[PDB]
K.L.:
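A single structure is presented below for examination.
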Amino acid sequence: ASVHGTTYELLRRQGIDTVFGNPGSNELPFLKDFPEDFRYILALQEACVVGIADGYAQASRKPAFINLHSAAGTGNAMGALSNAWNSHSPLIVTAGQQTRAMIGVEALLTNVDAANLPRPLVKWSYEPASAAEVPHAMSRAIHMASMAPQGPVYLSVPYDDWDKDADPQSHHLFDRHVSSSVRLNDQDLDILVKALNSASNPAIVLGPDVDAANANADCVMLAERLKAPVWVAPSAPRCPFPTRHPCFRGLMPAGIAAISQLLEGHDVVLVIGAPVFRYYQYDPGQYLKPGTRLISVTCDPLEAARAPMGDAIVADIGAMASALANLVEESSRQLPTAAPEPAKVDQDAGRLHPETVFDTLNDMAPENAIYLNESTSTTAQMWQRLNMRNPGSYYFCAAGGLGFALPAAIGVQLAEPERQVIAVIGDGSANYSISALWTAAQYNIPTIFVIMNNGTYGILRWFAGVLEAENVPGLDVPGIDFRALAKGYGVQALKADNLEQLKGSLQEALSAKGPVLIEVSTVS
Amino acid sequence: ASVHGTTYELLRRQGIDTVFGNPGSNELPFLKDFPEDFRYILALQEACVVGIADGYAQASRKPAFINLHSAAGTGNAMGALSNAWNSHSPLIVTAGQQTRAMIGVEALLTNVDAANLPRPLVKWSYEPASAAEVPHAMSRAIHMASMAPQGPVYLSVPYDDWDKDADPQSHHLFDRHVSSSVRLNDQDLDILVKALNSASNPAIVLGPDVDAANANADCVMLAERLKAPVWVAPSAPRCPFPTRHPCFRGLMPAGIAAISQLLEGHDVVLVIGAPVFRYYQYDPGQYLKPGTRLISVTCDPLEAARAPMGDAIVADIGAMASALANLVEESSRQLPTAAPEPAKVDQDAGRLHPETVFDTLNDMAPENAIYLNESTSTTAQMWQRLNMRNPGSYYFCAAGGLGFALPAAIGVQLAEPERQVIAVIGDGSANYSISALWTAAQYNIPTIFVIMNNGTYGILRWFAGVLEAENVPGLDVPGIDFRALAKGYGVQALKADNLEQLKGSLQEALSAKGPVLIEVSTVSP
Amino acid sequence: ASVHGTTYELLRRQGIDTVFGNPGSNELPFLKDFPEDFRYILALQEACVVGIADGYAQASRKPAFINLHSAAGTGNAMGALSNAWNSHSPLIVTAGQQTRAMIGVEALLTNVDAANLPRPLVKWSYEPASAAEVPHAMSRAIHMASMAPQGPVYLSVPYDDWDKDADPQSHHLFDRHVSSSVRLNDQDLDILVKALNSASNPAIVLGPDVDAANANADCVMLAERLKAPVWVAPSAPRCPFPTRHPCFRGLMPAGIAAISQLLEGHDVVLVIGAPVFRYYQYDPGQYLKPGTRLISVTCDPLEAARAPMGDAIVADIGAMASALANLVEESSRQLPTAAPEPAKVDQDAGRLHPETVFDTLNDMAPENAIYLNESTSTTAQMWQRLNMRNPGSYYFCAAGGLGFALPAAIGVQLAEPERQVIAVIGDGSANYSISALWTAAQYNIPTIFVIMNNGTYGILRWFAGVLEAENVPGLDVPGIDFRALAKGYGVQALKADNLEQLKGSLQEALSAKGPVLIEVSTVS
Ligand SMILES: Cc1ncc(C[n+]2csc(CCOP(=O)(O)OP(=O)(O)O)c2C)c(N)n1
Ligand SMILES: Cc1ncc(C[n+]2csc(CCOP(=O)(O)OP(=O)(O)O)c2C)c(N)n1
Ligand SMILES: Cc1ncc(C[n+]2csc(CCOP(=O)(O)OP(=O)(O)O)c2C)c(N)n1
Ligand SMILES: [Ca+2]
Ligand SMILES: [Ca+2]
Ligand SMILES: [Ca+2]
Ligand SMILES: [Mg+2]
């Protein structure tokens, strides 16, 4: 058997049947004789390729396979990999390398010191020392990406390797099962449950790894058992809790003082599946107010190590959430009261307020809709106004790297064809991966794109105000016609200059058969 | 003085007055109080920001300054940095980092292992140990970028550093002059000259570093004195020789066997300013045929070390080219036999052949026009059919990384407002950096973009053909409206479905005052 | 408080009270005002510092703290870090950096690209961006080194940081508890238990991580339950099992074909706490013969991902071994019969056979002795002839990096003052970290060093034979007088040119009160 055949059988047996790519000469030998049982998803830009695979991996909760072209292709994908690292996305990234005979002279398309290129944004980077080693390296890549903490991995393969003969003993690779679904030992776990039962005013904080492990339901039960208010960790890449649940308290502000102030009065704080903490703005103060004890459960050793306070437990979030939810006593305390419904903002017949857009989406979108957010100046309003009952309903670039939501929305839609994906993207962020639109049109992926157009870098303007910075250039982005951009890539475009038009467009988009883009004129 | 004021004074004193950027919160403290003598050029994407800066640096023959945001921004620009490494572009890439007080907890926007991120694609990568060191670090970066072999450098700066006090002794950095324009010592230089003089059949091979050093004229004199045929190194990122000069033989095919054959018979082969060699396709054979002696002159130690044959000299192209040009004696040998004329290919009144397009461009474009090529399948024909007699008249992505030409065509146009830039770009390549068009509109850079739309990844379909590779997915890119994309970013758009329309389109484009995009319906392979 | 005080308090609160080091100017501001509750162990060389700390960490099953000088000091120690990586030794390596004001100009003693230097032989490499962060960085290092899979970490600190003001919120670091004591979920653990109970002919293979977790007893129980033969994985760094137990089958030869042959007939092979596998010699063949299924329990994701065959479970060895040992049913199968005692080799009145030396050590050493092996050409003989009943009784360079055993023997002896340490080192290996002897004499660490002198690189001479390689230079090391070297460093020395002198020297050595070195004349 050839390395080519052996490799595809490996992918197939490990449950991988989709290839997200942008091709090059180095990758032709691998793409040739493409298995009929495999699917290839072309994106025009590498940043788009990874974004789409990222959305697909996250929604499907399974590793995604990518094929890029040498250093140039890998390089273009770097920004996307930065997000994938933060969101623990299981991405197997392969890139074609020059033929071994030509690597020495550094011929054109040679990926120099290839393993080093994507570092430090991957848990594993590797180039095999021989063709026969390739299947085994691929097997390594598959399990490294899938083991906790999940993350992107990198593999470089010289194009001449694929036709070579593969080692017959590679058959042992096909059916390897690697598990990391583990939880705290019985003894220590009982001590933890003791502590939770004995707390007089517990609070719970959930991060994206809860949604990734589909432990949302288990967390809901745990909260109901402890009668505890629930928060989502700051800078949230996902949503791990029904946002209308009486326990839900909303998105924590990404500041040190702000968070210790919020947790004040809570004697024990259970953090599940989140870093402690993913702060953003400079907000000096106490990490925790005296009287508050923090206990962290995380799947990532790097997160437990760098937390500046509290105890940490490194385990699988799914197994841990399940264990706790089923072991804690039912507290007699009153169940928390659901937060009040957001106030209706005053809306004239002009440009729409971000609050109005969200309220309208909430009224018109299906109950099982999936939202992506890359509208940076309106994130807070988005969490308050969208009712998200189900898991996997929200995605936001995990490292703050723009260009994520647009291609990811296509990947997510591909992963969940029964759920309407609605991406809310700012006029600024939209340009980073605009060409992903073409993939949506080409593969009939009925994703809905809502472009929030206020002609500027909203968030940046705000920051410039709180720093008091004057004469800052490059904050404005006038002169972009997004309907023409969407026509450029074969996507139906609509405009919403006002509320009347916004409802009309939303109704039309929801009904349309293919992907639709709506340009909304929002206030500055 | 603040680190902010000191750093801007250093850039000012070092001849930098332009900043290509895409801003983020980590960079606000730096962009604030933007000096009135500085000019900021905004790009919607990072790849686009770097590409434009690259074109600007290569055409101006001076280092370019870039400001990006954290790892996300730097990452988006990696593909572009691969090209820049290969073309020795002097680029100074600075990226904002999180406040020092917030790095430890790895807050959002922290650039982890910052200096490691752009490796191995930069000459130098660094994050200062404190605020006061920032100005010094910036100096190191400026000089690392400008010193032979020129290249991109990376500097990460925590945003809280800008408002801090600078070391008073930082003033010593302002007027620092560093020179690397050196040449072979007199003794060894005379020996080399003697070799060239005694050669009975020398050949010359020029690389992109010749055009970078503006050594084209000196190389012409040298070629004329030696009466030697002149070739351009394979995968040529630039043009270092008048393509219509009688010594010019053309672009070398990127194959080991193809090159040894072309050089057969030449007792002495002098290679100037090129890697040896930048092969591409697998084309196994002899590196050099017996009886052929090769001498390479490079400014990059890495190039001299990796060459699989010949002697090498690591020196400044400018100085070396000038020295040799004026040292070699005039040979009485006869000039090289005149090269045949590119045939006028068959063309009906339907979709245009790439050759028809190049012939028309060469007939209508000004003598001092600058071309940028990102049409991968038509490169060979472009070189045969375009008369480029001046320096700085050609750019092609140096590492083969697509997404170069479009933004770079804007950078080049900015650097040379008196020369008409004409980007020839395949429908595939055009998508990698499409948003760059917005920058041309916003700042009214009158670059002309010619999109060769054949609906496919031409070069790939061909390579798949020779490999007898059947059932290869992802080679077709149908359903792309480029006039609509141009409109989306505010650029005037025209279309050419046939020869007559192409001519009229070019005429209109050359008389336009702003950027113009022309979608050309070319024949699919 | 100062960064200096805060830091010593953190180490104190985290259980650290010993600094192994070799000082430099960059380390003076750290070492000044050395806390009275801390002890400092000086070594003449860096490879020796880390070797000693490594031995101490392995034997105490706790993280060892190290202090080295800048780049030159760190550099000198990288061979030893190579062993520590393979042994999963929890070493916290700290190295002084130039003052922040001088790093830019690259003054003398400046550690350029400090974080990159130790890579990739460390779990985590870091240099704080400010002095106030030093304490937090130290916290990360401590936890990163202690979390499974344990291993070495590296922190570079500019010497001017120590005298700076610490962040008051640093107090949150002091009592952080981080646990990775985890095991497979009940559901999946039940399936594994069933597979083991239904096994018709199971075998067990143990690695060094068993002895590290002190799960030896649990493994014994598991073995007796299942009535299964017990191997030790190849290239063994430690001894995870009593070598005279009825189930004990010995150390597996370090080859592919040899191991699959040995496992032939066993339907289920359970590998615990070992890579799969640490092969050495070139022995091509089947990874496993048909009919043999393999299950591996490892605490290291890198090991699980790279095994060429079998299923894997990534969990804590201590927790998993305990659960399994108490869950599996008692088999009705007949308990294996103990391996027959090794034959007595013929010994004339001249030089000594390695076999004779081990037989004599076994006869005269205490039952709780601790052996360290650096006699590369006599490892097999050593495993068969030494009866090691207890945990922590054997150590061997885990990456085959020589210069480990001499200093490590000192570290182990320091960690275990009640157990006699006996290091068996070849004349060749003795030279790599010879100056370590000084430390044993300085602090009167009564380690016994047995030098096997055959005046050559035995193992190398043997390998040159298999490859029929002739005319190989540098294989002989004549003219080394080890008694004079011991005298040079203040250690009592004895000689043994024959069996009668071996017995004599051994009795005196064991009766000795300080360290002793015995030079034994062994056959070629
Ligand atoms: C790749 C990348 N480039 C730049 C930034 C910095 N950045 C963050 S938000 C933002 C403005 C986003 O504009 P828009 O999409 O309009 O959101 P708005 O603030 O207008 O709601 C920028 C430039 C980033 N986070 N990632
Ligand atoms: C960033 C990047 N991605 C992928 C490739 C591989 N690649 C080389 S040529 C090519 C197709 C280019 O098509 P087009 O621009 O239409 O030129 P044509 O071949 O059609 O003439 C691709 C995908 C590359 N060189 N750079
Ligand atoms: C630092 C280091 N250098 C070299 C080697 C290679 N090596 C392994 S064993 C050996 C010879 C050891 O000889 P000795 O300690 O006398 O034992 P003998 O083979 O004589 O029994 C060498 C050179 C190594 N493993 N580590
Ligand atoms: Ca905006
Ligand atoms: Ca094309
Ligand atoms: Ca020896
Ligand atoms: Mg890198």
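Just so you know, ligand 1 is whichever comes first in the structure, and atom 1 is the first atom listed for that ligand. The chains referred to below are lettered A, B, ... by the order of the sequence lines, with proteins before strands, and numbering in each begins at 1. Basis for what follows: all heavy atoms, side chains included, without hydrogens, waters or symmetry-related copies.
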K.L.:
Flag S25(B) as yes when one of its N or O atoms lies below 3.5 Å from any N or O atom of ligand 1, and as no otherwise.
P.N.:
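So ligand 1 has no N or O lying under 3.5 Å from an N or O of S25(B).
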
K.L.:
Is any N, O or S atom of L117(B) under 2.8 Å away from the Mg ion (ligand 7)?
P.N.:
yes

K.L.:
So, of the N/O/S atoms that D427(B) has, which is the nearest one to the Ca ion (ligand 5)?
P.N.:
OD1

K.L.:
Below 4.0 Å from any atom of ligand 1, is there a heavy atom belonging to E46(B)?
P.N.:
yes

K.L.:
Taking N or O atoms only and a 3.5 Å limit, does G24(B) qualify as a polar contact for ligand 1?
P.N.:
no

K.L.:
Checking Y489(A) now: which residues fulfil ring pair (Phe, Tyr, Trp, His ring centres under 6.0 Å) with it, not counting sequence neighbours?
P.N.:
none

K.L.:
Could you pull out, from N26(B), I459(A), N431(A), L42(B), the option with a heavy atom nearest to atom 9 (S) of ligand 1?
P.N.:
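Minimum heavy-atom distance to atom 9 (S) of ligand 1 goes to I459(A).
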
K.L.:
What about the rings of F463(A) and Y280(A), do their centers lie closer together than 6.0 Å?
P.N.:
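Ring-ring flag for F463(A)/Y280(A): true, centres closer than 6.0 Å.
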
K.L.:
With a 4.0 Å heavy-atom cut-off (strictly under), which part of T456(A) contacts ligand 1: side chain, backbone, both or neither?
P.N.:
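Only the backbone of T456(A) comes within reach of ligand 1.
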
K.L.:
Angle between ring planes, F30(B) versus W162(B), binned at 30° and 60°: parallel, tilted or perpendicular?
P.N.:
tilted

K.L.:
Rounded to 10°, how big is the angle at the Mg ion (ligand 7) from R119(A) O to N116(B) O?
P.N.:
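Between O of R119(A) and O of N116(B), at the Mg ion (ligand 7), the angle is about 80°.
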
K.L.:
Distance check below 3.0 Å: does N454(B) bring an N, O or S atom to the Ca ion (ligand 5)?
P.N.:
yes

K.L.:
Provide the number and element of each atom of ligand 1 under 4.0 Å from a heavy atom of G401(A).
P.N.:
26 (N)

K.L.:
Donor-acceptor pair, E519(B) side chain versus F482(B) backbone, under 3.5 Å?
P.N.:
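Yes: the side chain of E519(B) pairs with the backbone of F482(B).
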
